[PDB]
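Structure file model-v6.txt (compact mmCIF, C-alpha atoms and all ligand atoms) follows.
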```txt
# COMPACT_ATOMS: atom_id res chain seq x y z
CA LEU A 4 132.22 152.35 97.78
CA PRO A 5 129.19 152.39 100.19
CA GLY A 6 129.28 149.40 102.62
CA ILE A 7 132.94 148.44 101.93
CA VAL A 8 135.29 148.19 104.95
CA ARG A 9 139.02 148.00 104.03
CA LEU A 10 141.50 146.86 106.68
CA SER A 11 145.19 145.96 106.53
CA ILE A 12 147.06 144.08 109.26
CA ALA A 13 150.87 144.36 109.58
CA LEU A 14 153.20 142.66 112.08
CA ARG A 15 156.73 143.92 112.83
CA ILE A 16 158.92 141.75 115.13
CA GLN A 17 160.32 143.42 118.26
CA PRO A 18 162.64 144.94 119.22
CA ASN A 19 163.98 145.91 115.73
CA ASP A 20 160.53 146.39 114.06
CA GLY A 21 161.71 143.98 111.38
CA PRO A 22 159.68 142.31 108.66
CA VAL A 23 157.62 139.11 108.94
CA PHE A 24 157.91 136.46 106.21
CA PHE A 25 155.78 133.65 104.75
CA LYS A 26 156.68 130.26 103.24
CA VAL A 27 154.63 128.09 100.81
CA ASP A 28 153.25 124.73 102.12
CA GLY A 29 151.24 122.59 99.60
CA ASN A 35 149.07 127.69 100.88
CA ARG A 36 150.93 130.73 102.43
CA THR A 37 152.24 130.03 105.98
CA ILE A 38 153.11 133.09 108.14
CA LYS A 39 156.35 132.48 110.13
CA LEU A 40 155.92 133.76 113.75
CA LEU A 41 158.26 133.55 116.74
CA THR A 42 157.16 132.35 120.22
CA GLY A 43 158.56 134.01 123.39
CA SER A 44 158.62 137.33 121.52
CA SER A 45 156.42 140.27 120.65
CA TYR A 46 155.16 142.18 117.60
CA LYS A 47 154.03 145.66 116.74
CA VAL A 48 150.56 145.23 115.18
CA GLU A 49 149.52 148.01 112.77
CA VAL A 50 145.92 148.12 111.52
CA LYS A 51 144.88 150.64 108.82
CA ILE A 52 141.14 151.08 108.28
CA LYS A 53 138.64 152.95 106.17
CA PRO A 54 136.14 154.44 106.36
CA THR A 55 137.74 156.63 109.09
CA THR A 56 134.35 156.73 111.00
CA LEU A 57 134.93 153.04 112.03
CA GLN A 58 135.89 152.30 115.67
CA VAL A 59 138.00 149.12 116.48
CA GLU A 60 138.90 148.35 120.18
CA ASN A 61 141.28 145.44 119.57
CA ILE A 62 142.36 142.38 117.56
CA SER A 63 142.74 138.85 118.94
CA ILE A 64 145.37 136.49 117.41
CA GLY A 65 145.15 132.75 118.33
CA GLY A 66 143.26 133.73 121.52
CA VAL A 67 145.82 136.44 122.50
CA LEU A 68 144.19 139.88 123.07
CA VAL A 69 145.92 142.83 121.36
CA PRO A 70 144.45 146.09 122.65
CA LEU A 71 144.54 148.64 119.79
CA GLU A 72 145.05 152.38 120.35
CA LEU A 73 143.94 154.88 117.68
CA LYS A 74 147.26 156.57 116.74
CA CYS A 75 146.81 159.01 113.77
CA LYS A 76 146.01 159.39 110.02
CA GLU A 77 147.98 157.16 107.63
CA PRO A 78 151.12 159.07 106.50
CA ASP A 79 150.68 159.92 102.74
CA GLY A 80 147.20 158.18 102.82
CA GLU A 81 143.43 158.25 103.67
CA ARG A 82 143.08 155.52 106.36
CA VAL A 83 143.29 155.79 110.18
CA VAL A 84 146.04 153.81 111.98
CA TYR A 85 145.62 151.70 115.16
CA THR A 86 148.63 149.96 116.80
CA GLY A 87 149.12 147.47 119.65
CA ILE A 88 151.66 144.93 120.92
CA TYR A 89 151.09 141.19 120.30
CA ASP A 90 152.86 139.11 123.01
CA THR A 91 153.81 135.53 121.95
CA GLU A 92 155.34 134.60 125.35
CA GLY A 93 153.61 131.32 126.35
CA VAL A 94 152.53 130.34 122.78
CA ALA A 95 153.54 126.70 122.07
CA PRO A 96 155.82 126.17 119.06
CA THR A 97 154.22 124.27 116.12
CA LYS A 98 155.24 120.60 116.74
CA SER A 99 154.46 118.91 113.36
CA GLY A 100 152.98 119.49 109.92
CA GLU A 101 154.84 122.80 109.14
CA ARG A 102 151.67 124.90 109.94
CA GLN A 103 148.53 125.26 112.11
CA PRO A 104 145.32 127.37 111.82
CA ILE A 105 144.95 130.38 114.18
CA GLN A 106 141.82 132.48 114.63
CA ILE A 107 141.91 136.27 113.95
CA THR A 108 139.03 138.34 115.36
CA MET A 109 138.55 142.12 115.21
CA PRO A 110 135.33 143.84 116.36
CA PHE A 111 134.17 147.13 114.75
CA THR A 112 131.78 148.83 117.17
CA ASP A 113 128.15 148.89 115.85
CA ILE A 114 129.29 147.71 112.36
CA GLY A 115 130.44 144.07 112.70
CA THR A 116 133.29 141.64 113.39
CA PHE A 117 136.16 140.71 111.03
CA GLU A 118 137.26 137.03 111.36
CA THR A 119 139.69 134.95 109.30
CA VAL A 120 142.05 132.00 109.79
CA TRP A 121 145.80 132.41 109.28
CA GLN A 122 148.05 129.43 108.58
CA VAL A 123 151.03 129.94 110.93
CA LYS A 124 154.21 128.17 111.92
CA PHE A 125 155.21 129.11 115.48
CA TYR A 126 159.01 128.87 115.90
CA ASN A 127 160.85 128.16 119.18
CA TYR A 128 162.21 131.47 120.60
CA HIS A 129 165.87 130.38 120.14
CA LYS A 130 165.27 129.48 116.41
CA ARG A 131 164.69 133.15 115.45
CA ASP A 132 167.16 132.73 112.51
CA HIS A 133 164.88 129.92 111.15
CA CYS A 134 161.86 132.26 111.45
CA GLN A 135 163.16 135.67 110.20
CA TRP A 136 163.58 134.88 106.49
CA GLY A 137 161.50 133.88 103.50
CA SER A 138 159.16 136.21 101.54
CA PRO A 139 158.47 139.34 103.67
CA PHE A 140 154.93 140.80 103.44
CA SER A 141 154.24 144.34 104.54
CA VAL A 142 150.48 143.78 105.17
CA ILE A 143 147.54 141.44 104.62
CA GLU A 144 144.75 143.54 103.00
CA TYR A 145 141.06 142.54 103.52
CA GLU A 146 137.89 143.76 101.76
CA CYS A 147 134.90 143.33 104.12
CA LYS A 148 131.16 143.83 103.59
CA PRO A 149 129.05 144.18 106.78
CA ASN A 150 125.81 144.24 104.70
CA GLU A 151 126.72 141.67 102.04
CA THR A 152 123.73 139.31 101.57
CA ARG A 153 126.05 136.61 103.01
CA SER A 154 127.05 138.61 106.17
CA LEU A 155 125.47 136.58 109.05
CA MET A 156 123.20 138.93 111.03
CA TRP A 157 123.50 138.86 114.85
CA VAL A 158 120.42 136.97 116.20
CA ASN A 159 119.59 138.93 119.41
CA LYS A 160 116.48 137.01 120.54
CA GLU A 161 114.18 134.07 119.70
CA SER A 162 110.59 133.86 121.01
CA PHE A 163 107.85 131.23 120.50
CA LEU A 164 104.46 133.06 120.26
NA NA B 1 126.47 142.17 109.07
```
Structure re-expressed in structure tokens:
Amino acid sequence: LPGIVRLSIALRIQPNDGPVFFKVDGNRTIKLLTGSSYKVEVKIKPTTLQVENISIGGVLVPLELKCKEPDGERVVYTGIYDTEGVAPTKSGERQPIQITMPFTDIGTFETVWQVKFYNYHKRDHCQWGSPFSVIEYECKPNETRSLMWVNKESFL
């Protein structure tokens, strides 16, 4: 419908392009591996939208426009998310990490994931649970509640 942005985010662990899983804590915790890397696949509509990248916990993931969604109506952007240098989660089974994705001249998508970062050599602790193919978001750049960018303030 007019003014609805739909975006899905998928992660596939390298080198096998395998699935990513969540666990329930208290409430969905995404299980991610440190010292590793992920294919990131972003599917957007409308197809007139332009994304340049996605940032995950402060890590920049440059996105490249790839093609039209096989068997679908979105456009597909992919990049590689590098988790080399990310600290494993030390306590409390999860931690919040910031997701940020700018759409040029439309607005910015932000959300918080709950994540457990696993030590590289505990990949067998990480790669199991409930696999999810994507996280699907419905976004409204002109919702009443969408915070407008304040470009300037002037006392007159
Ligand atoms: Na807006």
Could I get the residues of chain A with an atom no further than 12 Å from an atom of ligand NA 1 (chain B), each paired with its nearest atom pair and that distance in Å to one decimal, using only C-alpha atoms and all ligand atoms, sorted by chain and residue number, as a Markdown table?
```
| residue | atom | partner | partner_atom | distance |
| --- | --- | --- | --- | --- |
| A:6 | CA | B:NA1 | NA | 10.1 |
| A:7 | CA | B:NA1 | NA | 11.5 |
| A:8 | CA | B:NA1 | NA | 11.4 |
| A:110 | CA | B:NA1 | NA | 11.6 |
| A:111 | CA | B:NA1 | NA | 10.8 |
| A:112 | CA | B:NA1 | NA | 11.8 |
| A:113 | CA | B:NA1 | NA | 9.7 |
| A:114 | CA | B:NA1 | NA | 7.0 |
| A:115 | CA | B:NA1 | NA | 5.7 |
| A:116 | CA | B:NA1 | NA | 8.1 |
| A:117 | CA | B:NA1 | NA | 10.0 |
| A:147 | CA | B:NA1 | NA | 9.8 |
| A:148 | CA | B:NA1 | NA | 7.4 |
| A:149 | CA | B:NA1 | NA | 4.0 |
| A:150 | CA | B:NA1 | NA | 4.9 |
| A:151 | CA | B:NA1 | NA | 7.1 |
| A:152 | CA | B:NA1 | NA | 8.5 |
| A:153 | CA | B:NA1 | NA | 8.2 |
| A:154 | CA | B:NA1 | NA | 4.6 |
| A:155 | CA | B:NA1 | NA | 5.7 |
| A:156 | CA | B:NA1 | NA | 5.0 |
| A:157 | CA | B:NA1 | NA | 7.3 |
| A:158 | CA | B:NA1 | NA | 10.7 |
```
(Q) Could you check the closest approach to residue 40 of chain A for each of A:52, A:57, A:94, A:134 and tell me which residue wins, using all atoms listed in the file? (A)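 With all atoms listed in the file as the atom set, the closest residue is A:134.
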Q: Mind giving me the straight-line distance from atom CA of residue 98 of chain A to atom CA of residue 133 of chain A in Å, one decimal?
A: 14.5 Å
(Q) So that I can see what lies close to segment 120-132 of chain A, please list as a list in words the residues with an atom at most 8 Å from it, counting only C-alpha atoms and leaving out residues fewer than 2 positions away in the same chain. (A)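 Counting only the stated atoms, we get residues 35, 36, 37, 38, 39, 40, 41, 42, 43, 44, 94, 95, 96, 97, 101, 102, 103, 104, 105, 106, 107, 118, 134, 135 and 136 of chain A.
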Would you write out those residues with C-alpha atoms, as a PDB file, keeping the file's coordinate frame?
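See out_25.pdb below for the written result:
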```pdb
ATOM      1  CA  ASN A  35     149.070 127.690 100.880  1.00  0.00           C
ATOM      2  CA  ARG A  36     150.930 130.730 102.430  1.00  0.00           C
ATOM      3  CA  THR A  37     152.240 130.030 105.980  1.00  0.00           C
ATOM      4  CA  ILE A  38     153.110 133.090 108.140  1.00  0.00           C
ATOM      5  CA  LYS A  39     156.350 132.480 110.130  1.00  0.00           C
ATOM      6  CA  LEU A  40     155.920 133.760 113.750  1.00  0.00           C
ATOM      7  CA  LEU A  41     158.260 133.550 116.740  1.00  0.00           C
ATOM      8  CA  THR A  42     157.160 132.350 120.220  1.00  0.00           C
ATOM      9  CA  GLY A  43     158.560 134.010 123.390  1.00  0.00           C
ATOM     10  CA  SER A  44     158.620 137.330 121.520  1.00  0.00           C
ATOM     11  CA  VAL A  94     152.530 130.340 122.780  1.00  0.00           C
ATOM     12  CA  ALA A  95     153.540 126.700 122.070  1.00  0.00           C
ATOM     13  CA  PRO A  96     155.820 126.170 119.060  1.00  0.00           C
ATOM     14  CA  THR A  97     154.220 124.270 116.120  1.00  0.00           C
ATOM     15  CA  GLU A 101     154.840 122.800 109.140  1.00  0.00           C
ATOM     16  CA  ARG A 102     151.670 124.900 109.940  1.00  0.00           C
ATOM     17  CA  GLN A 103     148.530 125.260 112.110  1.00  0.00           C
ATOM     18  CA  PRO A 104     145.320 127.370 111.820  1.00  0.00           C
ATOM     19  CA  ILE A 105     144.950 130.380 114.180  1.00  0.00           C
ATOM     20  CA  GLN A 106     141.820 132.480 114.630  1.00  0.00           C
ATOM     21  CA  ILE A 107     141.910 136.270 113.950  1.00  0.00           C
ATOM     22  CA  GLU A 118     137.260 137.030 111.360  1.00  0.00           C
ATOM     23  CA  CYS A 134     161.860 132.260 111.450  1.00  0.00           C
ATOM     24  CA  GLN A 135     163.160 135.670 110.200  1.00  0.00           C
ATOM     25  CA  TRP A 136     163.580 134.880 106.490  1.00  0.00           C
TER      26      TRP A 136
END
```
Q. Atom CA of residue 77 of chain A to atom CA of residue 15 of chain A: how many Å, to one decimal?
A.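 Going from atom CA of residue 77 of chain A over to atom CA of residue 15 of chain A covers 16.7 Å.
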Q. Expressed in Å to a single decimal, how great is the separation between atom CA of residue 61 of chain A and atom CA of residue 84 of chain A?
A. 12.3 Å
Q | Long-range neighbours of residue 45 of chain A as a PyMOL selection string, 6 Å cut-off, only C-alpha atoms, 3 positions minimum in chain | A | chain A and resi 17+89-91
Considering all atoms listed in the file, return as a PDB file with C-alpha atoms, in the coordinates of the input whatever protein or nucleic-acid residues lie within 7 Å of residue 82 of chain A, sequence-local ones (same chain, fewer than 6 positions apart) excluded.
```pdb
ATOM      1  CA  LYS A  51     144.880 150.640 108.820  1.00  0.00           C
ATOM      2  CA  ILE A  52     141.140 151.080 108.280  1.00  0.00           C
ATOM      3  CA  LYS A  53     138.640 152.950 106.170  1.00  0.00           C
ATOM      4  CA  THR A  55     137.740 156.630 109.090  1.00  0.00           C
ATOM      5  CA  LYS A  76     146.010 159.390 110.020  1.00  0.00           C
TER       6      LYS A  76
END
```
Return as lines of an AutoDock Vina configuration file the centre and edge lengths, in Å with one decimal, of the box along x, y and z that encloses every atom of segment 140-144 of chain A in the file, padded by 6 Å per side.
```
center_x = 149.8
center_y = 142.6
center_z = 104.1
size_x = 22.2
size_y = 15.5
size_z = 14.2
```
Q: For each of A:72, A:60, A:20, A:28, take the minimum atom-to-atom distance to residue 47 of chain A, counting all atoms listed in the file, then give the residue where this is smallest.
A: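 Residue with the minimum atom-to-atom distance to residue 47 of chain A: A:20.
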Q: In the coordinate frame of the file, compute which residues have an atom within 10 Å of (141.8, 134.6, 120.2) when using only C-alpha atoms, and state them as a VMD selection string.
A: chain A and resid 62 to 69 105 to 109
Restore N, CA, C and O atoms in segment 41-64 of chain A and list the result as a CSV table (one decimal), in the frame of the given file.
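What landed in selection-v7.csv:
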```
chain,number,residue,atom,x,y,z
A,41,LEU,N,157.3,134.0,115.7
A,41,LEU,CA,158.3,133.6,116.7
A,41,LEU,C,157.5,133.5,118.1
A,41,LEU,O,156.9,134.6,118.4
A,42,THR,N,157.6,132.5,118.8
A,42,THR,CA,157.2,132.4,120.2
A,42,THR,C,158.2,133.0,121.2
A,42,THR,O,159.3,133.2,120.8
A,43,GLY,N,157.7,133.4,122.4
A,43,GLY,CA,158.6,134.0,123.4
A,43,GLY,C,159.0,135.4,123.0
A,43,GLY,O,159.9,136.0,123.6
A,44,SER,N,158.2,136.0,122.1
A,44,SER,CA,158.6,137.3,121.5
A,44,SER,C,157.4,138.3,121.6
A,44,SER,O,156.5,138.1,122.3
A,45,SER,N,157.5,139.3,120.7
A,45,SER,CA,156.4,140.3,120.6
A,45,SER,C,156.5,141.0,119.3
A,45,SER,O,157.6,141.0,118.6
A,46,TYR,N,155.4,141.5,118.9
A,46,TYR,CA,155.2,142.2,117.6
A,46,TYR,C,154.4,143.5,117.8
A,46,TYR,O,153.5,143.5,118.6
A,47,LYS,N,154.9,144.5,117.1
A,47,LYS,CA,154.0,145.7,116.7
A,47,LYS,C,152.9,145.2,115.8
A,47,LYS,O,153.3,144.6,114.7
A,48,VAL,N,151.7,145.5,116.1
A,48,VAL,CA,150.6,145.2,115.2
A,48,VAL,C,150.1,146.6,114.7
A,48,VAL,O,149.8,147.5,115.6
A,49,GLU,N,149.9,146.7,113.4
A,49,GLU,CA,149.5,148.0,112.8
A,49,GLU,C,148.3,147.7,111.9
A,49,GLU,O,148.4,146.8,111.0
A,50,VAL,N,147.2,148.4,112.2
A,50,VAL,CA,145.9,148.1,111.5
A,50,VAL,C,145.5,149.4,110.9
A,50,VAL,O,145.4,150.4,111.6
A,51,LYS,N,145.3,149.4,109.6
A,51,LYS,CA,144.9,150.6,108.8
A,51,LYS,C,143.5,150.4,108.3
A,51,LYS,O,143.3,149.5,107.5
A,52,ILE,N,142.6,151.3,108.6
A,52,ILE,CA,141.1,151.1,108.3
A,52,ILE,C,140.6,152.3,107.5
A,52,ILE,O,140.9,153.4,107.8
A,53,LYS,N,139.6,151.9,106.7
A,53,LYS,CA,138.6,153.0,106.2
A,53,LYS,C,137.3,152.3,106.0
A,53,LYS,O,137.2,151.1,105.7
A,54,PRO,N,136.2,153.0,106.0
A,54,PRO,CA,136.1,154.4,106.4
A,54,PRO,C,136.7,154.9,107.7
A,54,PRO,O,136.6,154.0,108.6
A,55,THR,N,137.1,156.1,107.9
A,55,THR,CA,137.7,156.6,109.1
A,55,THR,C,136.7,156.8,110.2
A,55,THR,O,137.2,157.0,111.3
A,56,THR,N,135.4,156.7,110.0
A,56,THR,CA,134.4,156.7,111.0
A,56,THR,C,134.3,155.4,111.8
A,56,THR,O,133.6,155.4,112.8
A,57,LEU,N,134.9,154.4,111.3
A,57,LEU,CA,134.9,153.0,112.0
A,57,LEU,C,135.7,153.1,113.4
A,57,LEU,O,136.6,153.9,113.5
A,58,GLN,N,135.2,152.4,114.3
A,58,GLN,CA,135.9,152.3,115.7
A,58,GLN,C,136.3,150.9,116.0
A,58,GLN,O,135.3,150.1,116.3
A,59,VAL,N,137.5,150.5,116.0
A,59,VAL,CA,138.0,149.1,116.5
A,59,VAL,C,138.5,149.3,117.9
A,59,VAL,O,138.9,150.3,118.3
A,60,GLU,N,138.4,148.2,118.8
A,60,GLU,CA,138.9,148.4,120.2
A,60,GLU,C,140.1,147.5,120.3
A,60,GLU,O,141.0,147.8,121.1
A,61,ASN,N,140.2,146.4,119.5
A,61,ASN,CA,141.3,145.4,119.6
A,61,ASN,C,141.3,144.4,118.4
A,61,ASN,O,140.3,144.4,117.6
A,62,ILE,N,142.3,143.6,118.4
A,62,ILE,CA,142.4,142.4,117.6
A,62,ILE,C,142.8,141.2,118.4
A,62,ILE,O,143.7,141.5,119.3
A,63,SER,N,142.3,140.1,118.2
A,63,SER,CA,142.7,138.8,118.9
A,63,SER,C,143.4,137.9,117.9
A,63,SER,O,142.8,137.8,116.8
A,64,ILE,N,144.5,137.4,118.3
A,64,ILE,CA,145.4,136.5,117.4
A,64,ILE,C,145.6,135.2,118.2
A,64,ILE,O,146.3,135.2,119.2
```
